[PDB]
Amino acid sequence: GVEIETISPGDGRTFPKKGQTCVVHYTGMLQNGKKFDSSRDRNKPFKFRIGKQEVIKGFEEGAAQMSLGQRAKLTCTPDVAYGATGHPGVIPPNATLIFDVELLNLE
């Protein structure tokens with residue numbers, strides 16, 4: 001399950017499509033815990049495309065429900081990202097993920 005809680009502004013009409021390269025200032029957060037990843041530090045705002053399963057499922061489906069300029073707040077269930085395996089050393093098994101996502105894309 002992916003649940004959007006939008007900080008409003010943007011335009012509400014420009015949506016990403018298939019094969020479009022989008023630019024996201026993501027900010028990860030573990031529930032009842034600290035950060036684990038941020039693009040704000042590296043200042044390299046993570047150009048990725050849509051429809052190649054490069055990112056996880058919970059991060060991908062919430063980006064399709066956003067528009068240009070919006071600032072959502074993802075909530076990824078463990079079943080779609082890592083909750084059975086667990087990423088070794090960074091994301092423990094059965095973990096619920098929170099993401100601060102701003103979509104300032106191109107194309």
# chains A, B, ... in the order shown; residues from 1 in each chain; ligands from 1
>>> residues_around(residues="residue 95 in chain A", least_positions_apart="5", cutoff="12 Å", atoms="only C-alpha atoms", output="list in words")
residues 29, 30, 31, 32, 33, 75, 76, 77, 78, 79, 80, 81, 82, 83, 84, 85, 86, 87 and 90 of chain A
>>> write_last_selection(atoms="N, CA and C atoms", output="PDB file, in the first residue's frame")
ATOM      1  N   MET A  29      13.219   7.798   5.631  1.00  0.00           N
ATOM      2  CA  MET A  29      13.010   7.826   7.071  1.00  0.00           C
ATOM      3  C   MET A  29      12.438   6.487   7.498  1.00  0.00           C
ATOM      4  N   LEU A  30      13.051   5.876   8.500  1.00  0.00           N
ATOM      5  CA  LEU A  30      12.516   4.666   9.093  1.00  0.00           C
ATOM      6  C   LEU A  30      11.531   5.044  10.189  1.00  0.00           C
ATOM      7  N   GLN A  31      10.433   4.297  10.272  1.00  0.00           N
ATOM      8  CA  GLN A  31       9.416   4.560  11.281  1.00  0.00           C
ATOM      9  C   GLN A  31       9.961   4.262  12.668  1.00  0.00           C
ATOM     10  N   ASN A  32       9.731   5.204  13.595  1.00  0.00           N
ATOM     11  CA  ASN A  32      10.243   5.168  14.970  1.00  0.00           C
ATOM     12  C   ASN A  32      11.764   5.040  14.990  1.00  0.00           C
ATOM     13  N   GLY A  33      12.417   5.738  14.069  1.00  0.00           N
ATOM     14  CA  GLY A  33      13.852   5.654  13.943  1.00  0.00           C
ATOM     15  C   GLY A  33      14.412   6.886  13.272  1.00  0.00           C
ATOM     16  N   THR A  75       4.469   6.238   2.265  1.00  0.00           N
ATOM     17  CA  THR A  75       4.447   5.285   3.371  1.00  0.00           C
ATOM     18  C   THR A  75       4.438   3.898   2.736  1.00  0.00           C
ATOM     19  N   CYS A  76       5.595   3.252   2.720  1.00  0.00           N
ATOM     20  CA  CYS A  76       5.744   1.969   2.052  1.00  0.00           C
ATOM     21  C   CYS A  76       5.550   0.836   3.046  1.00  0.00           C
ATOM     22  N   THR A  77       4.679  -0.101   2.694  1.00  0.00           N
ATOM     23  CA  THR A  77       4.506  -1.305   3.477  1.00  0.00           C
ATOM     24  C   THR A  77       5.722  -2.210   3.280  1.00  0.00           C
ATOM     25  N   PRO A  78       6.025  -3.088   4.250  1.00  0.00           N
ATOM     26  CA  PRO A  78       7.235  -3.919   4.118  1.00  0.00           C
ATOM     27  C   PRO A  78       7.188  -4.916   2.975  1.00  0.00           C
ATOM     28  N   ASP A  79       5.997  -5.342   2.550  1.00  0.00           N
ATOM     29  CA  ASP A  79       5.883  -6.393   1.544  1.00  0.00           C
ATOM     30  C   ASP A  79       6.360  -5.960   0.162  1.00  0.00           C
ATOM     31  N   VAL A  80       6.375  -4.656  -0.124  1.00  0.00           N
ATOM     32  CA  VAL A  80       6.732  -4.181  -1.455  1.00  0.00           C
ATOM     33  C   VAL A  80       8.192  -3.777  -1.578  1.00  0.00           C
ATOM     34  N   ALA A  81       8.906  -3.582  -0.467  1.00  0.00           N
ATOM     35  CA  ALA A  81      10.274  -3.080  -0.558  1.00  0.00           C
ATOM     36  C   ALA A  81      11.308  -4.080  -0.058  1.00  0.00           C
ATOM     37  N   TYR A  82      11.321  -4.412   1.230  1.00  0.00           N
ATOM     38  CA  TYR A  82      12.377  -5.280   1.740  1.00  0.00           C
ATOM     39  C   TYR A  82      11.943  -6.217   2.858  1.00  0.00           C
ATOM     40  N   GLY A  83      10.662  -6.250   3.240  1.00  0.00           N
ATOM     41  CA  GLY A  83      10.251  -6.761   4.543  1.00  0.00           C
ATOM     42  C   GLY A  83      10.462  -8.244   4.759  1.00  0.00           C
ATOM     43  N   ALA A  84      10.643  -9.009   3.689  1.00  0.00           N
ATOM     44  CA  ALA A  84      10.990 -10.414   3.836  1.00  0.00           C
ATOM     45  C   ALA A  84      12.498 -10.604   3.947  1.00  0.00           C
ATOM     46  N   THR A  85      13.253 -10.013   3.022  1.00  0.00           N
ATOM     47  CA  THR A  85      14.702 -10.177   3.015  1.00  0.00           C
ATOM     48  C   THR A  85      15.374  -9.234   4.003  1.00  0.00           C
ATOM     49  N   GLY A  86      15.167  -7.933   3.833  1.00  0.00           N
ATOM     50  CA  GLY A  86      15.892  -6.952   4.612  1.00  0.00           C
ATOM     51  C   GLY A  86      17.214  -6.629   3.954  1.00  0.00           C
ATOM     52  N   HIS A  87      17.482  -5.354   3.727  1.00  0.00           N
ATOM     53  CA  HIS A  87      18.736  -4.969   3.100  1.00  0.00           C
ATOM     54  C   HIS A  87      19.868  -5.115   4.110  1.00  0.00           C
ATOM     55  N   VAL A  90      21.522  -2.003   6.477  1.00  0.00           N
ATOM     56  CA  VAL A  90      20.913  -0.686   6.335  1.00  0.00           C
ATOM     57  C   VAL A  90      19.417  -0.730   6.621  1.00  0.00           C
TER      58      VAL A  90
END
>>> closest_atom_pairs(of="range 12-34 of chain A", to="range 59-69 of chain A", cutoff="7 Å", atoms="only C-alpha atoms", output="JSON lines")
{"residue": "A:12", "atom": "CA", "partner": "A:67", "partner_atom": "CA", "distance": 5.5}
{"residue": "A:13", "atom": "CA", "partner": "A:67", "partner_atom": "CA", "distance": 6.4}
{"residue": "A:14", "atom": "CA", "partner": "A:67", "partner_atom": "CA", "distance": 5.3}
{"residue": "A:15", "atom": "CA", "partner": "A:67", "partner_atom": "CA", "distance": 5.1}
{"residue": "A:16", "atom": "CA", "partner": "A:64", "partner_atom": "CA", "distance": 6.1}
>>> residues_around(residues="residue 8 in chain A", least_positions_apart="6", cutoff="9 Å", atoms="only C-alpha atoms", output="PyMOL selection string")
chain A and resi 69-72
>>> select_by_dssp(residues="chain A", states="strand (DSSP E or B)", output="PyMOL selection string")
chain A and resi 7+22-24+27-30+38+47-48+71-76+87+91+97-103
>>> write_last_selection(atoms="N, CA and C atoms", output="PDB file, in the first residue's frame")
ATOM      1  N   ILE A   7       1.793  17.867   0.654  1.00  0.00           N
ATOM      2  CA  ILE A   7       1.996  19.299   0.833  1.00  0.00           C
ATOM      3  C   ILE A   7       1.700  19.950  -0.511  1.00  0.00           C
ATOM      4  N   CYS A  22      12.781  11.511 -14.469  1.00  0.00           N
ATOM      5  CA  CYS A  22      12.311  12.447 -13.464  1.00  0.00           C
ATOM      6  C   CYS A  22      13.371  12.660 -12.393  1.00  0.00           C
ATOM      7  N   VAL A  23      13.250  13.790 -11.698  1.00  0.00           N
ATOM      8  CA  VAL A  23      14.257  14.274 -10.761  1.00  0.00           C
ATOM      9  C   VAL A  23      13.595  14.469  -9.406  1.00  0.00           C
ATOM     10  N   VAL A  24      14.107  13.774  -8.393  1.00  0.00           N
ATOM     11  CA  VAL A  24      13.472  13.677  -7.085  1.00  0.00           C
ATOM     12  C   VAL A  24      14.494  14.017  -6.008  1.00  0.00           C
ATOM     13  N   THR A  27      14.022  11.796   0.541  1.00  0.00           N
ATOM     14  CA  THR A  27      14.587  11.781   1.887  1.00  0.00           C
ATOM     15  C   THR A  27      13.957  10.617   2.636  1.00  0.00           C
ATOM     16  N   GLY A  28      14.734   9.563   2.854  1.00  0.00           N
ATOM     17  CA  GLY A  28      14.216   8.401   3.535  1.00  0.00           C
ATOM     18  C   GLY A  28      14.081   8.611   5.028  1.00  0.00           C
ATOM     19  N   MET A  29      13.219   7.798   5.631  1.00  0.00           N
ATOM     20  CA  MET A  29      13.010   7.826   7.071  1.00  0.00           C
ATOM     21  C   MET A  29      12.438   6.487   7.498  1.00  0.00           C
ATOM     22  N   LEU A  30      13.051   5.876   8.500  1.00  0.00           N
ATOM     23  CA  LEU A  30      12.516   4.666   9.093  1.00  0.00           C
ATOM     24  C   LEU A  30      11.531   5.044  10.189  1.00  0.00           C
ATOM     25  N   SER A  38      19.416  10.114   2.016  1.00  0.00           N
ATOM     26  CA  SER A  38      19.018  11.455   1.620  1.00  0.00           C
ATOM     27  C   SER A  38      19.800  11.863   0.384  1.00  0.00           C
ATOM     28  N   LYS A  47      18.386  11.318 -10.934  1.00  0.00           N
ATOM     29  CA  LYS A  47      17.681  11.197 -12.208  1.00  0.00           C
ATOM     30  C   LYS A  47      17.389   9.728 -12.492  1.00  0.00           C
ATOM     31  N   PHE A  48      16.109   9.355 -12.509  1.00  0.00           N
ATOM     32  CA  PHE A  48      15.711   8.003 -12.867  1.00  0.00           C
ATOM     33  C   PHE A  48      14.473   8.059 -13.751  1.00  0.00           C
ATOM     34  N   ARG A  71       4.951  17.949  -3.126  1.00  0.00           N
ATOM     35  CA  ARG A  71       5.798  17.496  -2.026  1.00  0.00           C
ATOM     36  C   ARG A  71       4.974  16.491  -1.228  1.00  0.00           C
ATOM     37  N   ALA A  72       5.072  15.227  -1.607  1.00  0.00           N
ATOM     38  CA  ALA A  72       4.238  14.197  -1.015  1.00  0.00           C
ATOM     39  C   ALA A  72       4.898  13.653   0.247  1.00  0.00           C
ATOM     40  N   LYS A  73       4.357  12.552   0.763  1.00  0.00           N
ATOM     41  CA  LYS A  73       4.927  11.872   1.922  1.00  0.00           C
ATOM     42  C   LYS A  73       4.542  10.403   1.800  1.00  0.00           C
ATOM     43  N   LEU A  74       5.465   9.593   1.293  1.00  0.00           N
ATOM     44  CA  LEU A  74       5.177   8.191   1.045  1.00  0.00           C
ATOM     45  C   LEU A  74       5.102   7.406   2.349  1.00  0.00           C
ATOM     46  N   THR A  75       4.469   6.238   2.265  1.00  0.00           N
ATOM     47  CA  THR A  75       4.447   5.285   3.371  1.00  0.00           C
ATOM     48  C   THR A  75       4.438   3.898   2.736  1.00  0.00           C
ATOM     49  N   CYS A  76       5.595   3.252   2.720  1.00  0.00           N
ATOM     50  CA  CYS A  76       5.744   1.969   2.052  1.00  0.00           C
ATOM     51  C   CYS A  76       5.550   0.836   3.046  1.00  0.00           C
ATOM     52  N   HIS A  87      17.482  -5.354   3.727  1.00  0.00           N
ATOM     53  CA  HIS A  87      18.736  -4.969   3.100  1.00  0.00           C
ATOM     54  C   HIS A  87      19.868  -5.115   4.110  1.00  0.00           C
ATOM     55  N   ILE A  91      18.715  -1.695   6.038  1.00  0.00           N
ATOM     56  CA  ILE A  91      17.274  -1.807   6.237  1.00  0.00           C
ATOM     57  C   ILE A  91      16.961  -3.169   6.838  1.00  0.00           C
ATOM     58  N   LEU A  97       8.608   1.967   5.780  1.00  0.00           N
ATOM     59  CA  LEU A  97       9.443   3.042   5.267  1.00  0.00           C
ATOM     60  C   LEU A  97       8.628   4.311   5.061  1.00  0.00           C
ATOM     61  N   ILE A  98       9.245   5.452   5.360  1.00  0.00           N
ATOM     62  CA  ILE A  98       8.653   6.773   5.175  1.00  0.00           C
ATOM     63  C   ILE A  98       9.589   7.577   4.282  1.00  0.00           C
ATOM     64  N   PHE A  99       9.028   8.301   3.315  1.00  0.00           N
ATOM     65  CA  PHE A  99       9.830   9.061   2.364  1.00  0.00           C
ATOM     66  C   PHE A  99       9.302  10.478   2.221  1.00  0.00           C
ATOM     67  N   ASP A 100      10.196  11.454   2.349  1.00  0.00           N
ATOM     68  CA  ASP A 100       9.909  12.829   1.956  1.00  0.00           C
ATOM     69  C   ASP A 100      10.334  12.984   0.501  1.00  0.00           C
ATOM     70  N   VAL A 101       9.363  13.204  -0.378  1.00  0.00           N
ATOM     71  CA  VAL A 101       9.579  13.200  -1.819  1.00  0.00           C
ATOM     72  C   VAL A 101       9.097  14.528  -2.382  1.00  0.00           C
ATOM     73  N   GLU A 102       9.975  15.221  -3.100  1.00  0.00           N
ATOM     74  CA  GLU A 102       9.590  16.350  -3.933  1.00  0.00           C
ATOM     75  C   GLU A 102       9.911  16.013  -5.378  1.00  0.00           C
ATOM     76  N   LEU A 103       8.941  16.209  -6.260  1.00  0.00           N
ATOM     77  CA  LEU A 103       9.092  15.907  -7.678  1.00  0.00           C
ATOM     78  C   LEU A 103       9.274  17.215  -8.437  1.00  0.00           C
TER      79      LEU A 103
END
>>> select_by_dssp(residues="chain A", states="helix (DSSP H, G or I)", output="ChimeraX atom specification")
/A:39-42,57-64,78-81
>>> atom_distance(atom1="CA of residue 3 in chain A", atom2="CA of residue 42 in chain A")
26.9 Å
>>> atom_distance(atom1="CA of residue 19 in chain A", atom2="CA of residue 52 in chain A")
8.3 Å
>>> atom_distance(atom1="CA of residue 26 in chain A", atom2="CA of residue 44 in chain A")
10.6 Å
>>> decode(residues="range 1-101 of chain A", atoms="C-alpha atoms", output="CSV table (one decimal), in the first residue's frame")
chain,number,residue,atom,x,y,z
A,1,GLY,CA,0.0,0.0,0.0
A,2,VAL,CA,1.2,3.5,-1.0
A,3,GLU,CA,-0.5,6.5,0.7
A,4,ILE,CA,0.0,10.1,-0.4
A,5,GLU,CA,-0.2,13.0,2.1
A,6,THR,CA,0.4,16.0,-0.1
A,7,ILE,CA,2.0,19.3,0.8
A,8,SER,CA,-0.1,21.2,-1.7
A,9,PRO,CA,1.6,23.4,-4.2
A,10,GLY,CA,2.5,22.6,-7.8
A,11,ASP,CA,0.0,22.4,-10.7
A,12,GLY,CA,-2.0,19.2,-10.4
A,13,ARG,CA,-2.0,18.4,-14.1
A,14,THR,CA,1.6,17.5,-15.3
A,15,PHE,CA,2.0,13.8,-14.6
A,16,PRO,CA,4.9,11.6,-15.5
A,17,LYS,CA,4.5,9.0,-18.2
A,18,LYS,CA,6.4,5.9,-19.4
A,19,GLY,CA,10.0,6.3,-20.2
A,20,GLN,CA,10.3,9.8,-18.8
A,21,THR,CA,13.3,10.7,-16.7
A,22,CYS,CA,12.3,12.4,-13.5
A,23,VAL,CA,14.3,14.3,-10.8
A,24,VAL,CA,13.5,13.7,-7.1
A,25,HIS,CA,14.9,15.2,-3.9
A,26,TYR,CA,14.0,12.1,-1.9
A,27,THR,CA,14.6,11.8,1.9
A,28,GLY,CA,14.2,8.4,3.5
A,29,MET,CA,13.0,7.8,7.1
A,30,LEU,CA,12.5,4.7,9.1
A,31,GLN,CA,9.4,4.6,11.3
A,32,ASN,CA,10.2,5.2,15.0
A,33,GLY,CA,13.9,5.7,13.9
A,34,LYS,CA,16.4,7.9,12.3
A,35,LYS,CA,17.2,8.7,8.7
A,36,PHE,CA,18.8,6.2,6.4
A,37,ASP,CA,19.1,7.9,3.0
A,38,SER,CA,19.0,11.5,1.6
A,39,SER,CA,19.8,13.1,-1.7
A,40,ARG,CA,20.1,16.5,0.1
A,41,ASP,CA,23.6,15.7,1.2
A,42,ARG,CA,25.0,14.6,-2.1
A,43,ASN,CA,23.2,17.3,-4.0
A,44,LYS,CA,22.9,14.9,-7.0
A,45,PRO,CA,19.1,14.7,-7.3
A,46,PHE,CA,18.7,11.1,-8.6
A,47,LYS,CA,17.7,11.2,-12.2
A,48,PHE,CA,15.7,8.0,-12.9
A,49,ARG,CA,13.1,6.8,-15.4
A,50,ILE,CA,9.7,5.2,-15.1
A,51,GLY,CA,8.9,1.6,-16.0
A,52,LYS,CA,12.1,-0.3,-15.6
A,53,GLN,CA,11.7,-1.4,-11.9
A,54,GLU,CA,15.0,0.2,-11.0
A,55,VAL,CA,13.5,1.7,-7.8
A,56,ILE,CA,11.4,-0.4,-5.5
A,57,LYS,CA,7.6,-0.7,-6.0
A,58,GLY,CA,6.5,1.5,-3.2
A,59,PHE,CA,8.7,4.4,-4.3
A,60,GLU,CA,7.6,4.0,-8.0
A,61,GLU,CA,3.8,3.9,-7.6
A,62,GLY,CA,3.7,7.0,-5.4
A,63,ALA,CA,5.7,9.0,-7.9
A,64,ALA,CA,3.1,8.3,-10.6
A,65,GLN,CA,0.4,9.9,-8.4
A,66,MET,CA,2.4,13.1,-8.1
A,67,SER,CA,2.7,16.2,-10.2
A,68,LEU,CA,5.4,18.8,-10.9
A,69,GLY,CA,6.3,20.9,-7.8
A,70,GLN,CA,4.4,18.7,-5.3
A,71,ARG,CA,5.8,17.5,-2.0
A,72,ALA,CA,4.2,14.2,-1.0
A,73,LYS,CA,4.9,11.9,1.9
A,74,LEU,CA,5.2,8.2,1.0
A,75,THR,CA,4.4,5.3,3.4
A,76,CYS,CA,5.7,2.0,2.1
A,77,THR,CA,4.5,-1.3,3.5
A,78,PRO,CA,7.2,-3.9,4.1
A,79,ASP,CA,5.9,-6.4,1.5
A,80,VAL,CA,6.7,-4.2,-1.5
A,81,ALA,CA,10.3,-3.1,-0.6
A,82,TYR,CA,12.4,-5.3,1.7
A,83,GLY,CA,10.3,-6.8,4.5
A,84,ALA,CA,11.0,-10.4,3.8
A,85,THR,CA,14.7,-10.2,3.0
A,86,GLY,CA,15.9,-7.0,4.6
A,87,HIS,CA,18.7,-5.0,3.1
A,88,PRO,CA,22.0,-6.1,4.8
A,89,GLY,CA,23.1,-3.6,7.4
A,90,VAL,CA,20.9,-0.7,6.3
A,91,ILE,CA,17.3,-1.8,6.2
A,92,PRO,CA,16.2,-4.5,8.7
A,93,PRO,CA,13.7,-7.2,7.7
A,94,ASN,CA,10.0,-6.3,8.3
A,95,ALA,CA,10.5,-2.5,8.2
A,96,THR,CA,8.0,0.2,7.4
A,97,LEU,CA,9.4,3.0,5.3
A,98,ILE,CA,8.7,6.8,5.2
A,99,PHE,CA,9.8,9.1,2.4
A,100,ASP,CA,9.9,12.8,2.0
A,101,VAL,CA,9.6,13.2,-1.8
